[PDB]
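A lone chain, given as structure tokens: the form deposited in one PDB entry.
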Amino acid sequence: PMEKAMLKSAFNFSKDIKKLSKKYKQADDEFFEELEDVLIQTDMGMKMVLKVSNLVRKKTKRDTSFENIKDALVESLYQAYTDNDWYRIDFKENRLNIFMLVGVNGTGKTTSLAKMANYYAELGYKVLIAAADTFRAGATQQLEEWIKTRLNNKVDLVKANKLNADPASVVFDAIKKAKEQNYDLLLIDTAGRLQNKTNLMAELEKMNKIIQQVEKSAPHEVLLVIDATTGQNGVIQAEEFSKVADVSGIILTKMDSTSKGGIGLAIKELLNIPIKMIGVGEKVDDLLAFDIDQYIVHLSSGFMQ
């Protein structure tokens, strides 16, 4: 799955690296200028280009073989990301885990939330979804579809029976069921528009108040969806959303459709929030726990043989 996910970005990165190898003589200043130009094209951003180049420069000598520069680069990419104050999904066996999914609409929340329910349901857990994006029953329609079409039998859905209902009332109904029938995970869908900031924050706080009566440390995760195909555009927008919600982690979707693999690093730099799950494709099971070494190794696969 990570191989298919990183196919397009790895092709682009290795295409540039292979070009770099052909006029490669020594790891000198002029070489670092050329390398920096390649790093720029991954769209990782200036600060990350600078951090990765400095790391490669630190690890290497002018006489380093081009093979050893590549090993250097792989290690420096991983280190650039892992250079932080921090990671894990707060899922415990002996409680009702509660995760919210957040972000601006049309980034892929309801798809991702469905994939997350399936991910835990396959691990043997009893999963409940709260369709609390009541802004259009379209999000509700989707959840219903996925439920009786693609999702494991251990995933159930609570929704609104009324038009444009208060989102907290769906959360009220879900928490009750989840607590009473020994569910292992409650996933909460939310609507999002920067425009409706005050209501969006108010609704999140209503939800929080409902759930913290059952689970004091809930929400255990608040997960923001970023569409990788949007590149740096999506990264900046995800930062703006991080002011509306106290985001604990990121779900990076559509990696497979993305040609610029610096985005993981762009996220780390701009948001400073861990990526925790990564979408590898369109099937219900195309969602993995994020692993930065795997992201880097598969991004690098085209030039590492």
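Residue numbers run from 1 along the displayed sequence. C-alpha atoms forming the largest set that superposes within 1.5 Å between two forms make up the rigid core.
- Unmodelled stretch separating residue 86 from residue 87: 4 to 9 residues (count of deposited-sequence residues without coordinates).
- Look at the C-alpha B-factors of 13 to 21 and of 293 to 301. On average they run higher in 13 to 21.
- The stretch 132 to 140 shows the higher mean C-alpha B-factor when 199 to 207 is compared against 132 to 140 in the entry.
- Of the candidates 145, 189, 71, 173, the PDB record gives 145 the highest C-alpha temperature factor.
- The entry assigns its greatest Cα B factor, within the set 64, 253, 53, 272, to 64.
- Split the chain's modelled residues into thirds by C-alpha temperature factor. Residue 105 is in the highest one.
- Residue 92: CA B factor lies in the middle third for its chain, per the PDB record.
- In this PDB entry, the Cα temperature factor of residue 185 sits in the bottom third of its chain's modelled residues, the lowest group.
- In the PDB entry, residue 221 places in the lowest third of its chain by CA B-factor.
- Residue 248 sits in the lowest third of its chain by CA B factor, as recorded in the PDB entry.
The same protein also has a form deposited in another entry, omitted here; what follows describes it.
- Rigid-core fit between this form and the one not shown: of 169, 105, 229, 142, the one residue whose Cα shifts 2 angstroms or more is 105.
- With the core held fixed, residue 41 shows a CA shift below 2 Å between this form and the one not shown.
- Residue 64: CA moves 2 Å or more between this form and the one not shown after rigid-core fitting.
- In that other deposited form, the Cα-Cα separation between residue 39 and residue 107 grows by 3 Å or more relative to the displayed conformation.
- The pair residue 156 and residue 106 approaches in that other deposited form: their C-alpha atoms are at least 3 Å nearer to each other than in the form depicted.
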